[PDB]
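A short write-up of the structure that comes next.
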Amino acid sequence: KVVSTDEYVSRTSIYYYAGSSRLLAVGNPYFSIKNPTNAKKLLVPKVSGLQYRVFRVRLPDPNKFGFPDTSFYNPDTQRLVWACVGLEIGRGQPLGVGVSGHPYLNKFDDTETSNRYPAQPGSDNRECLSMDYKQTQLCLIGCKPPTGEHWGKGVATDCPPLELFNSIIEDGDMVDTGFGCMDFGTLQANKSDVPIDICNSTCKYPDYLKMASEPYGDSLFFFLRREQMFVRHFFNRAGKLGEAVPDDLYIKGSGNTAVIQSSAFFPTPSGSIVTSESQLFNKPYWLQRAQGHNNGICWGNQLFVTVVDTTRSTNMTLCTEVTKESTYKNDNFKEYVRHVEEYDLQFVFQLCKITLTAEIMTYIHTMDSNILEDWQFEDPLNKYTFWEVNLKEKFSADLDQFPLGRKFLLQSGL
Amino acid sequence: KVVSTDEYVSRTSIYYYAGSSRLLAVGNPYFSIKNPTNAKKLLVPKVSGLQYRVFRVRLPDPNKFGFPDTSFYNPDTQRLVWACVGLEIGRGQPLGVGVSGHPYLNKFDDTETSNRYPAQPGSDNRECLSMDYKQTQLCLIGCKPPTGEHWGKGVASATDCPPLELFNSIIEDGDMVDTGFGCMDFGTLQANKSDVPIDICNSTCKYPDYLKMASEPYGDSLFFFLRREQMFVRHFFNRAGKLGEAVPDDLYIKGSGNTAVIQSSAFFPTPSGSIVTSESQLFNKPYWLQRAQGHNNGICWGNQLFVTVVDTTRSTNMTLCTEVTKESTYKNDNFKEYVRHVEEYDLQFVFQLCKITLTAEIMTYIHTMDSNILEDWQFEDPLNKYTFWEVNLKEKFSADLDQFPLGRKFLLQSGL
Amino acid sequence: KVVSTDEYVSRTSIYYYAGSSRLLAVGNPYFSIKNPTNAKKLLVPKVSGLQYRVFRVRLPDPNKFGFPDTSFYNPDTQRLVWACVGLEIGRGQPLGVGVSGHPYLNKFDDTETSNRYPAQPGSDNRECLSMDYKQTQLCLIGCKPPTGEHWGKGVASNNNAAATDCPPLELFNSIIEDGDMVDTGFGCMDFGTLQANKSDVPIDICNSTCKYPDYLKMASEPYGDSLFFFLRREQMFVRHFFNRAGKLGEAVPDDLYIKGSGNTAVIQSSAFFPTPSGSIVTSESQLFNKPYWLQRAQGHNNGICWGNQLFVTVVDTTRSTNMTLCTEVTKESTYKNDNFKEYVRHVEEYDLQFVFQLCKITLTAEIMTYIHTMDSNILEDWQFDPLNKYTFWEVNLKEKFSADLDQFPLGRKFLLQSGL
Amino acid sequence: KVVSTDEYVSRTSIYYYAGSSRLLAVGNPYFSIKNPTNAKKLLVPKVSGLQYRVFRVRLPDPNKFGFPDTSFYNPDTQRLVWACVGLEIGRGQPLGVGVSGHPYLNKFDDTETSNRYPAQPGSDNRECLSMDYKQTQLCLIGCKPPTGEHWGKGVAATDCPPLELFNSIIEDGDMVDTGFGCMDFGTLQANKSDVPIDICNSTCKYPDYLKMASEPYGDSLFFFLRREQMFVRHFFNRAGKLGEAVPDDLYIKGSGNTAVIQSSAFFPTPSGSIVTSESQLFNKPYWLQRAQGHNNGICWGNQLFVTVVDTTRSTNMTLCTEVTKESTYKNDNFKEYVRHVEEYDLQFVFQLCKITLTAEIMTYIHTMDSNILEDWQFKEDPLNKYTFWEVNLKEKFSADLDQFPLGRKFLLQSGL
């Protein structure tokens with residue numbers, strides 16, 4: 001039913017390079033700061049190494065592109081499309097690791113070595129703790145935005161019902177950090193069971209299984225992923241235990257041990273060490289043969305690059321002096337936290353042409369009716385937030401004038 | 001006497017793909033919650049990353065299957081069977097590590113650096129502690145369910161120590177894997193219910209009996225297997241209670257005064273599975289079953305196959321928290337805390353159709369191997385007493401291999 | 001526009017070896033000490049395993065070079081230039097790790113396992129702590145000095161009302177000079193201007209700027225003179241979790257928590273910061289004391305040392321051991337702390353080894369135009385200094401070139417590797 | 001001009017095996033013990049896994065060796081010399097790690113997580129601490145003893161000792177660097193308490209690889225291997241006056257309890273981390289086929305130097321004697337000792353070589369080392385002032401290569 005694009009998309013020998021140049025984001029890693037005197041504007045964005053970067057890369061429409069020689073296709077019977085054959089995700093800034101925390105984290109006791117009876121249950125025992133998150137590197141590439149999975153509140157023990165949800169991963173969405181891919185805002189009502197940079201967020205994980213089994217293969221031309229973590233500490237929660245331990249799993253205590261302590265345990269993660277050798281980025285990927293049926297065809301003259309890279313999640317400390325005095329006083333200083341991200345996206349594109357026979361027109365229409373409509377032979381994604389990368393005026397045919405271009409010519413023997 | 005299936009099972013060039021689609025299990029990682037007014041009515045099942053997943057995969061009987069053209073075999077003289085030539089065990093959810101504990105764990109002292117005399121006295125010094133378990137990945141494939149080993153209470157036959165006996169049993173869906181405390185029946189061998197965390201303290205932890213399964217004459221249990229285990233000692237504790245076997249007098253000089261009353265030498269460690277990484281993953285990659293080591297080269301007798309999996313690398317337990325009363329300031333009594341765990345699978349197979357010419361010698365051989373094969377071919381089920389995760393593929397077979405992920409991989413890998 | 005040097009630079013079979021011999025630096029890893037008079041003299045330089053070493057290597061002008069027979073060179077139509085084809089960065093001293101600290105580090109609480117309410121109030125809760133930094137190995141090679149990136153104080157629009165008074169951040173490019181500090185785990189920033197309390201990082205960077213190589217910019221340079229070749233190995237993990245004292249400049253928004261009361265009414269600082277750790281150093285992961293053959297550069301300059309000079313940039317924290325020195329002010333039969341003075345010193349040992357290949361260029365009209373657009377000084381200096389404002393470790397090889405390759409370690413390696 | 005020995009040293013097809021047999025050293029790892037009255041005699045030597053082992057291996061002079069048939073060379077016009085073509089450094093004892101410490105280590109505060117103000121004053125705050133040192137494996141081979149580098153006191157706002165880098169011959173028993181650098185601790189640390197006692201009155205040396213590699217003739221390093229590792233285990237600061245105060249532009253002054261600045265004379269303790277079999281450099285053969293330097297294994301002077309550091313067997317054994325036997329335990333009834341042992345077994349394969357004493361070759365050799373021709377008869381040895389572990393193989397040479405382990409390995413490797 002579905003066939004490879006190799007069977008109805010003809011390749012030319014025409015290649016183009018396009019680069020975004022340096023992309024920077026600067027903000028607060030834990031939360032954005034809205035403008036107090038203009039509520040519709042953000043004063044400081046939320047910029048964190050635990051966010052997805054979802055780039056919507058806009059390509060020049062090859063059917064309107066000022067090629068010097070346009071005799072390679074017949075506009076009466078054919079249309080043009082770009083194919084992505086090479087990519088490098090440039091990453092700036094040094095390798096490093098940031099931390100995240102909560103001034104009122106719901107940690108009660110340390111349950112690793114010593115937690116004797118009786119409990120000391122007050123009504124507000126939250127503590128100001130921080131941690132370093134699970135480490136994640138990944139890149140997804142396709143002509144359709146990626147699909148994530150996360151757990152949320154479903155439809156109806158008083159435990160919230162769990163439902164697995166699919167959604168489009170948007171630029172700025174949070175990746176899972178060690179506490180799972182879930183809607184923490186709705187499933188953790190106390191706002192204190194995870195650090196503040198996810199406690200009112202949804203952490204999403206790429207739905208690799210769903211995307212890979214898509215018939216046309218528009219979501220994943222190519223992907224890399226590297227995750228790691230271990231358990232750094234063991235805590236338990238304050239609050240009522242919603243599901244008591246059944247009586248067949250213990251002999252009751254008495255006296256000092258009569259009032260059972262909370263078995264609502266939770267670990268803290270740690271991503272451990274970051275190293276250059278395990279970097280996925282700053283090297284080229286050649287999209288020669290995709291596993292799916294879309295062999296890199298950028299339908300709609302666009303392409304989506306999704307990236308998570310926690311290996312440069314350093315958060316910088318900033319400190320201002322409000323009063324200059326000869327001796328040190330805390331009240332004379334203000335402390336800030338800032339995080340930055342540096343990207344440089346480089347592509348090699350191959351021009352393709354499609355002869356629109358009756359059979360091919362039916363196939364394309366069944367696959368995506370917008371393709372023929374846009375070819376002349378409202379955009380549904382504008383409700384989503386992406387990092388827009390406009391390459392319409394960035395295409396160059398002089399491949400050997402750019403780093404990735406030289407690599408392509410050398411690799412391909414051209 | 002036993003020969004390879006390659007000698008009497010004819011391979012065709014007909015291949016079919018079958019996939020389970022998304023399989024989800026959601027529950028409490030530490031215990032099930034029973035309906036108070038029923039016994040087999042579960043309100044919340046026990047779903048944990050430390051459980052065996054034993055999938056009983058039902059295949060369509062090829063002798064009754066709607067093939068478009070069956071002219072490739074003579075039903076008067078031959079019977080059909082599926083062979084598994086490819087499989088990928090898909091795993092969803094992010095990598096992570098969960099913890100387990102006991103609100104009354106029988107830990108007395110930390111015995112790593114400082115445990116001075118004299119012994120502190122008590123009758124209930126249990127503590128509310130947790131740990132992260134040994135890390136295990138494994139994958140078994142066969143047309144017969146897998147066999148486990150575990151230590152249990154033997155026969156009663158200067159020590160009241162329970163006798164130990166090594167038991168074999170079928171590993172069922174939901175059985176607990178060993179966690180760092182060994183493969184034993186904790187319910188019967190640890191009578192106090194407090195020496196290990198609550199998710200195994202009343203369970204039997206089983207380890208696959210690889211040696212027995214591997215030495216089976218016909219080799220139906222293990223077409224293929226992968227395994228990756230690791231742990232280290234994170235902490236050193238000792239037990240409270242009477243020491244059942246005192247240290248002999250030739251191993252120490254007796255103390256006096258504050259050291260006159262000997263402290264408990266019933267030590268026990270806590271395990272740690274250490275780090276989880278993508279590179280060490282066994283799953284989300286294809287396995288091509290070309291040449292089995294045993295005599296059964298992937299033949300799915302009885303139109304079924306058993307896929308057994310342990311994967312602790314996605315054992316994260318999600319914290320859930322409900323608000324009973326909304327108030328402007330934080331109060332512990334206004335919230336309830338829950339724990340939930342989920343597992344996501346996607347089993348993908350490529351099967352090769354095979355035919356067997358039922359000569360006199362071959363029927364004799366097959367009857368000796370398993371008399372049910374010829375009876376079901378027409379030329380009750382003892383496994384109904386066991387619990388498996390049923391995966392019904394009777395309506396999931398497709399000849400359009402290139403329309404599915406594993407199907408494309410198979411066509412590419414085989415040059416077809 | 002830009003073409004590979006392979007298209008207009010002719011390679012000869014003439015090879016030369018040159019070595020710097022042992023290069024030593026000795027000083028204080030945390031700060032320099034000035035002569036009280038003379039003020040602009042250094043008494044003890046600042047020498048640290050966390051510094052960049054930027055060697056400006058001077059080569060003999062091959063167009064004036066005493067070759068045994070120069071009849072192969074026609075000065076009427078061609079000029080000579082050296083190409084670097086082999087390099088080894090020798091490192092002496094044992095592998096090891098140093099630590100850095102601050103007697104008044106702005107650490108308030110340990111936020112890893114226990115930090116209950118209420119907070120302890122004070123005005124000066126600084127502590128005397130130390131740490132081991134992120135581990136970095138790198139070496140860059142080109143005929144132009146390298147470019148670093150670092151964050152500094154930018155410009156703040158004043159028409160824009162500031163609800164946050166946080167300093168604006170700007171990414172700055174600069175030439176990396178010998179003695180500049182590498183990033184240590186707290187990022188590449190100007191700590192002197194962006195941390196006004198002088199207490200948020202150890203003293204060896206608290207009044208310094210830590211720089212990171214701008215690899216992306218250097219790689220995208222049209223001619224590729226900065227990076228013939230580079231190697232890099234970074235690693236770190238989080239060793240401890242602390243928070244800062246001082247007023248929190250950006251309060252946590254009210255939608256991320258339920259307010260406290262009583263002991264928890266005054267929120268504690270969420271201005272967290274980790275301490276880094278470079279972890280283990282091993283021989284197996286060393287980048288140095290091994291040869292590199294510069295056969296084919298990724299950029300268009302395939303190792304041509306224009307201007308008869310070469311830049312070697314090195315970071316190597318794997319030998320950052322700081323030696324403890326102790327003098328006895330008064331000899332007594334029993335120990336007393338006041339009888340001794342404690343000092344710290346650090347040393348660095350280098351040995352740079354090169355193999356150069358002689359090249360000649362026939363100066364046609366087309367090539368002269370190309371080179372002039374590339375750099376007009378090349379044709380001027382050939383008869384056919386802007387870098388003096390920067391600080392480099394000068395390595396003069398003008399009189400160290402030898403044709404007897406097999407008389408030297410790297411020369412023997414080259415002859416064997418190339419089959420000569 | 002220097003040329004390879006390949007150009008003037010003729011190889012024969014004559015090979016010999018030689019082995020040292022078991023070499024044992026037994027002593028105290030921290031210090032030597034003199035005879036209790038007589039003092040120039042040692043009762044217990046200092047034997048530690050942190051020492052260099054420098055073996056001076058004496059070979060039989062081949063020009064005086066009882067060969068059965070000497071028609072392979074002309075003794076009037078030629079001289080004989082041995083070339084080393086194979087070597088294995090045998091190591092006995094199990095892998096393990098020792099620790100070193102000081103009963104009066106100059107450690108003031110733990111500066112890793114908590115070191116608040118004010119500093120408490122004292123005059124003697126030294127502590128009884130220990131640590132495990134940096135891990136080092138290495139082996140050097142040449143016909144000349146190896147050269148080490150270390151920092152010592154040189155000549156000539158700061159009273160800090162001037163530093164000079166010194167070269168010296170590494171002798172048997174010299175200390176390797178341990179994590180505190182290669183320096184003369186006796187002269188540069190006057191308090192004798194800034195490092196553990198096994199180096200506080202010693203010089204820790206590091207091989208001057210750069211100097212030896214650049215020697216024209218290449219006599220020091222036929223071949224070498226090295227593997228070092230460490231991390232920082234703890235962070236401390238020193239007591240005593242700070243000799244160089246922190247400049248005023250690097251901090252804002254304190255007040256009250258923070259008025260008296262604390263010592264920023266930090267120092268780490270090292271740790272060599274784990275030792276494993278897989279990273280072993282020893283107990284495997286090295287074939288010296290073609291050296292990088294110009295001396296291709298020629299053992300001038302009928303000797304060769306094998307230098308080893310191996311901290312991967314640095315276990316220190318605990319010994320304990322009973323002075324009074326009593327029914328209850330008392331500390332004063334026992335004496336505690338520490339002992340360390342090292343087990344070596346050096347195995348060599350040598351190839352016999354001949355040199356024709358032409359006018360040109362005698363001139364070349366005379367310029368290289370005037371002693372070579374003198375010793376050939378065509379005298380105080382200068383190395384007698386240095387200490388080496390003497391290994392005499394004069395009576396250990398055998399032509400029956402296949403009767404010994406390394407000999408068999410050589411025959412197999414070389415196709416003979």
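Each chain of the structure tokens is named A, B, ... in the order shown, its residues numbered from 1; ligands are numbered from 1 in display order.
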
Per residue of chain A within 6 Å of chain C, record the nearest atom pair and its distance in Å to one decimal, counting only C-alpha atoms, with rows in chain order and ascending residue number, as a Markdown table.
```
| residue | atom | partner | partner_atom | distance |
| --- | --- | --- | --- | --- |
| A:103 | CA | C:270 | CA | 5.7 |
| A:127 | CA | C:116 | CA | 4.7 |
| A:128 | CA | C:115 | CA | 5.5 |
| A:129 | CA | C:111 | CA | 4.5 |
| A:130 | CA | C:111 | CA | 5.7 |
| A:191 | CA | C:257 | CA | 5.1 |
| A:196 | CA | C:256 | CA | 5.9 |
| A:272 | CA | C:237 | CA | 5.8 |
| A:273 | CA | C:237 | CA | 4.4 |
| A:274 | CA | C:235 | CA | 5.4 |
| A:275 | CA | C:235 | CA | 4.4 |
| A:276 | CA | C:233 | CA | 5.3 |
| A:318 | CA | C:195 | CA | 5.4 |
| A:319 | CA | C:195 | CA | 4.4 |
| A:320 | CA | C:196 | CA | 5.3 |
| A:321 | CA | C:196 | CA | 5.6 |
| A:329 | CA | C:123 | CA | 4.8 |
| A:330 | CA | C:246 | CA | 4.4 |
| A:331 | CA | C:246 | CA | 5.7 |
| A:333 | CA | C:246 | CA | 5.4 |
| A:334 | CA | C:247 | CA | 4.7 |
| A:335 | CA | C:248 | CA | 5.2 |
| A:336 | CA | C:249 | CA | 5.5 |
```

Atoms to include: N, CA and C atoms. Write the selected residues as a PDB file, in the first residue's frame.
```
ATOM      1  N   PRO A 103      12.561  25.088  46.982  1.00  0.00           N
ATOM      2  CA  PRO A 103      12.709  25.578  48.367  1.00  0.00           C
ATOM      3  C   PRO A 103      11.803  24.870  49.361  1.00  0.00           C
ATOM      4  N   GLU A 127      11.628  20.840  52.801  1.00  0.00           N
ATOM      5  CA  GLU A 127      13.013  21.268  52.905  1.00  0.00           C
ATOM      6  C   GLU A 127      13.482  21.826  51.569  1.00  0.00           C
ATOM      7  N   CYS A 128      14.523  22.650  51.642  1.00  0.00           N
ATOM      8  CA  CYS A 128      15.094  23.331  50.481  1.00  0.00           C
ATOM      9  C   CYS A 128      16.240  22.483  49.937  1.00  0.00           C
ATOM     10  N   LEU A 129      15.920  21.623  48.972  1.00  0.00           N
ATOM     11  CA  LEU A 129      16.856  20.651  48.431  1.00  0.00           C
ATOM     12  C   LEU A 129      16.957  20.801  46.916  1.00  0.00           C
ATOM     13  N   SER A 130      18.112  20.409  46.378  1.00  0.00           N
ATOM     14  CA  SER A 130      18.360  20.453  44.946  1.00  0.00           C
ATOM     15  C   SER A 130      19.022  19.150  44.516  1.00  0.00           C
ATOM     16  N   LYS A 191       2.328  20.495  44.538  1.00  0.00           N
ATOM     17  CA  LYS A 191       3.322  21.372  43.917  1.00  0.00           C
ATOM     18  C   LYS A 191       4.690  21.285  44.582  1.00  0.00           C
ATOM     19  N   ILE A 196      10.965  22.784  41.059  1.00  0.00           N
ATOM     20  CA  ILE A 196      10.044  23.787  40.522  1.00  0.00           C
ATOM     21  C   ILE A 196      10.093  23.890  39.007  1.00  0.00           C
ATOM     22  N   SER A 272      25.070  11.430  36.540  1.00  0.00           N
ATOM     23  CA  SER A 272      26.464  11.015  36.588  1.00  0.00           C
ATOM     24  C   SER A 272      27.302  11.928  35.702  1.00  0.00           C
ATOM     25  N   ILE A 273      28.372  11.395  35.126  1.00  0.00           N
ATOM     26  CA  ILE A 273      29.390  12.196  34.459  1.00  0.00           C
ATOM     27  C   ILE A 273      28.989  12.461  33.013  1.00  0.00           C
ATOM     28  N   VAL A 274      29.379  13.631  32.510  1.00  0.00           N
ATOM     29  CA  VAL A 274      29.302  13.958  31.089  1.00  0.00           C
ATOM     30  C   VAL A 274      30.716  13.962  30.533  1.00  0.00           C
ATOM     31  N   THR A 275      30.876  13.424  29.328  1.00  0.00           N
ATOM     32  CA  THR A 275      32.182  13.307  28.694  1.00  0.00           C
ATOM     33  C   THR A 275      32.061  13.632  27.212  1.00  0.00           C
ATOM     34  N   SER A 276      33.172  14.087  26.636  1.00  0.00           N
ATOM     35  CA  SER A 276      33.199  14.379  25.212  1.00  0.00           C
ATOM     36  C   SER A 276      32.956  13.124  24.379  1.00  0.00           C
ATOM     37  N   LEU A 318      24.941  34.678  38.752  1.00  0.00           N
ATOM     38  CA  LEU A 318      25.169  36.110  38.633  1.00  0.00           C
ATOM     39  C   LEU A 318      24.899  36.774  39.979  1.00  0.00           C
ATOM     40  N   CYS A 319      25.663  37.823  40.274  1.00  0.00           N
ATOM     41  CA  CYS A 319      25.586  38.479  41.573  1.00  0.00           C
ATOM     42  C   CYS A 319      25.826  39.968  41.391  1.00  0.00           C
ATOM     43  N   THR A 320      24.888  40.785  41.868  1.00  0.00           N
ATOM     44  CA  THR A 320      24.989  42.236  41.807  1.00  0.00           C
ATOM     45  C   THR A 320      25.188  42.830  43.196  1.00  0.00           C
ATOM     46  N   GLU A 321      25.883  43.962  43.243  1.00  0.00           N
ATOM     47  CA  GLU A 321      26.174  44.659  44.490  1.00  0.00           C
ATOM     48  C   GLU A 321      25.228  45.845  44.627  1.00  0.00           C
ATOM     49  N   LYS A 329      28.297  41.836  53.722  1.00  0.00           N
ATOM     50  CA  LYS A 329      26.966  41.657  54.285  1.00  0.00           C
ATOM     51  C   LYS A 329      26.063  41.070  53.211  1.00  0.00           C
ATOM     52  N   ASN A 330      25.344  39.999  53.558  1.00  0.00           N
ATOM     53  CA  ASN A 330      24.469  39.343  52.592  1.00  0.00           C
ATOM     54  C   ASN A 330      23.449  40.309  52.000  1.00  0.00           C
ATOM     55  N   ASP A 331      22.847  41.162  52.830  1.00  0.00           N
ATOM     56  CA  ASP A 331      21.797  42.050  52.334  1.00  0.00           C
ATOM     57  C   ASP A 331      22.298  43.021  51.271  1.00  0.00           C
ATOM     58  N   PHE A 333      23.828  42.186  48.538  1.00  0.00           N
ATOM     59  CA  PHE A 333      23.990  41.489  47.269  1.00  0.00           C
ATOM     60  C   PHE A 333      22.695  40.811  46.845  1.00  0.00           C
ATOM     61  N   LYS A 334      22.518  40.701  45.529  1.00  0.00           N
ATOM     62  CA  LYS A 334      21.411  39.971  44.926  1.00  0.00           C
ATOM     63  C   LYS A 334      21.968  38.866  44.041  1.00  0.00           C
ATOM     64  N   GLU A 335      21.400  37.669  44.158  1.00  0.00           N
ATOM     65  CA  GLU A 335      21.868  36.492  43.438  1.00  0.00           C
ATOM     66  C   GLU A 335      20.871  36.110  42.353  1.00  0.00           C
ATOM     67  N   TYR A 336      21.385  35.810  41.161  1.00  0.00           N
ATOM     68  CA  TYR A 336      20.566  35.389  40.034  1.00  0.00           C
ATOM     69  C   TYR A 336      21.130  34.108  39.434  1.00  0.00           C
TER      70      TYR A 336
END
```

query = Hey, what does DSSP flag as strand (DSSP E) within region 166-238 of chain A? Can you give it to me as a PyMOL selection string?
reply = chain A and resi 166-168+174-175+203-206+222-236

Those same residues, written as an mmCIF file, in the first residue's frame with N, CA and C atoms?
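Resulting contents of part.cif:
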```
data_model
loop_
_atom_site.group_PDB
_atom_site.id
_atom_site.type_symbol
_atom_site.label_atom_id
_atom_site.label_comp_id
_atom_site.auth_asym_id
_atom_site.auth_seq_id
_atom_site.Cartn_x
_atom_site.Cartn_y
_atom_site.Cartn_z
ATOM 1 N N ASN A 166 -0.768 11.011 24.001
ATOM 2 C CA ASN A 166 0.117 11.459 22.940
ATOM 3 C C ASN A 166 -0.120 12.937 22.677
ATOM 4 N N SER A 167 0.956 13.637 22.338
ATOM 5 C CA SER A 167 0.872 15.043 21.978
ATOM 6 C C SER A 167 2.075 15.371 21.113
ATOM 7 N N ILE A 168 1.998 16.507 20.446
ATOM 8 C CA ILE A 168 3.147 17.024 19.723
ATOM 9 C C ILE A 168 4.103 17.651 20.725
ATOM 10 N N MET A 174 9.383 20.127 28.524
ATOM 11 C CA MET A 174 10.371 19.511 29.394
ATOM 12 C C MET A 174 10.534 18.034 29.060
ATOM 13 N N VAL A 175 11.788 17.581 29.040
ATOM 14 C CA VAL A 175 12.066 16.156 28.931
ATOM 15 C C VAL A 175 11.942 15.520 30.310
ATOM 16 N N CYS A 203 6.380 16.598 31.662
ATOM 17 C CA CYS A 203 7.590 16.010 31.105
ATOM 18 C C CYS A 203 7.193 14.965 30.073
ATOM 19 N N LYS A 204 7.718 15.105 28.860
ATOM 20 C CA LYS A 204 7.361 14.231 27.754
ATOM 21 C C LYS A 204 8.550 13.379 27.340
ATOM 22 N N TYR A 205 8.248 12.164 26.903
ATOM 23 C CA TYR A 205 9.226 11.265 26.333
ATOM 24 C C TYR A 205 8.839 10.960 24.893
ATOM 25 N N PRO A 206 9.792 10.894 23.964
ATOM 26 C CA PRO A 206 9.417 10.615 22.573
ATOM 27 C C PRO A 206 8.754 9.252 22.471
ATOM 28 N N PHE A 222 15.496 9.626 11.000
ATOM 29 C CA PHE A 222 16.777 9.347 11.628
ATOM 30 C C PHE A 222 16.702 9.818 13.074
ATOM 31 N N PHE A 223 17.258 9.049 14.009
ATOM 32 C CA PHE A 223 17.293 9.504 15.389
ATOM 33 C C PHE A 223 18.463 8.864 16.115
ATOM 34 N N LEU A 224 18.958 9.583 17.112
ATOM 35 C CA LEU A 224 19.946 9.089 18.051
ATOM 36 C C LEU A 224 19.440 9.394 19.449
ATOM 37 N N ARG A 225 19.793 8.540 20.404
ATOM 38 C CA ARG A 225 19.351 8.747 21.772
ATOM 39 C C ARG A 225 20.365 8.115 22.708
ATOM 40 N N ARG A 226 20.641 8.803 23.814
ATOM 41 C CA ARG A 226 21.543 8.293 24.841
ATOM 42 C C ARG A 226 21.057 8.831 26.178
ATOM 43 N N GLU A 227 20.568 7.933 27.033
ATOM 44 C CA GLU A 227 20.060 8.273 28.351
ATOM 45 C C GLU A 227 20.855 7.538 29.422
ATOM 46 N N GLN A 228 21.026 8.172 30.583
ATOM 47 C CA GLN A 228 21.618 7.460 31.707
ATOM 48 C C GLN A 228 21.300 8.149 33.028
ATOM 49 N N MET A 229 21.183 7.337 34.080
ATOM 50 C CA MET A 229 20.981 7.828 35.437
ATOM 51 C C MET A 229 21.238 6.699 36.425
ATOM 52 N N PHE A 230 21.471 7.087 37.681
ATOM 53 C CA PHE A 230 21.427 6.176 38.814
ATOM 54 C C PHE A 230 20.721 6.886 39.961
ATOM 55 N N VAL A 231 20.470 6.145 41.033
ATOM 56 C CA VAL A 231 19.792 6.683 42.209
ATOM 57 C C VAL A 231 20.833 7.272 43.150
ATOM 58 N N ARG A 232 20.744 8.581 43.396
ATOM 59 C CA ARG A 232 21.694 9.245 44.284
ATOM 60 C C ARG A 232 21.231 9.244 45.742
ATOM 61 N N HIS A 233 19.938 9.433 46.013
ATOM 62 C CA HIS A 233 19.451 9.432 47.388
ATOM 63 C C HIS A 233 18.066 8.805 47.472
ATOM 64 N N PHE A 234 17.708 8.417 48.694
ATOM 65 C CA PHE A 234 16.462 7.726 48.991
ATOM 66 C C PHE A 234 15.717 8.510 50.061
ATOM 67 N N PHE A 235 14.513 8.967 49.734
ATOM 68 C CA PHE A 235 13.684 9.734 50.652
ATOM 69 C C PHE A 235 12.301 9.103 50.725
ATOM 70 N N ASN A 236 11.489 9.603 51.654
ATOM 71 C CA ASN A 236 10.066 9.301 51.674
ATOM 72 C C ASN A 236 9.297 10.612 51.763
#
```

Hey, which bits of chain D sit within 12 Å of chain A, and for each residue what's the closest pair of atoms and how far apart in Å (one decimal), counting only C-alpha atoms, rows by chain and increasing number, as JSON lines?
```
{"residue": "D:248", "atom": "CA", "partner": "A:326", "partner_atom": "CA", "distance": 11.1}
{"residue": "D:249", "atom": "CA", "partner": "A:326", "partner_atom": "CA", "distance": 11.8}
{"residue": "D:251", "atom": "CA", "partner": "A:328", "partner_atom": "CA", "distance": 9.0}
{"residue": "D:252", "atom": "CA", "partner": "A:328", "partner_atom": "CA", "distance": 5.7}
{"residue": "D:253", "atom": "CA", "partner": "A:327", "partner_atom": "CA", "distance": 5.0}
{"residue": "D:254", "atom": "CA", "partner": "A:327", "partner_atom": "CA", "distance": 5.4}
{"residue": "D:255", "atom": "CA", "partner": "A:327", "partner_atom": "CA", "distance": 6.4}
{"residue": "D:256", "atom": "CA", "partner": "A:327", "partner_atom": "CA", "distance": 10.0}
{"residue": "D:257", "atom": "CA", "partner": "A:328", "partner_atom": "CA", "distance": 11.9}
{"residue": "D:258", "atom": "CA", "partner": "A:328", "partner_atom": "CA", "distance": 9.3}
{"residue": "D:259", "atom": "CA", "partner": "A:327", "partner_atom": "CA", "distance": 9.2}
```
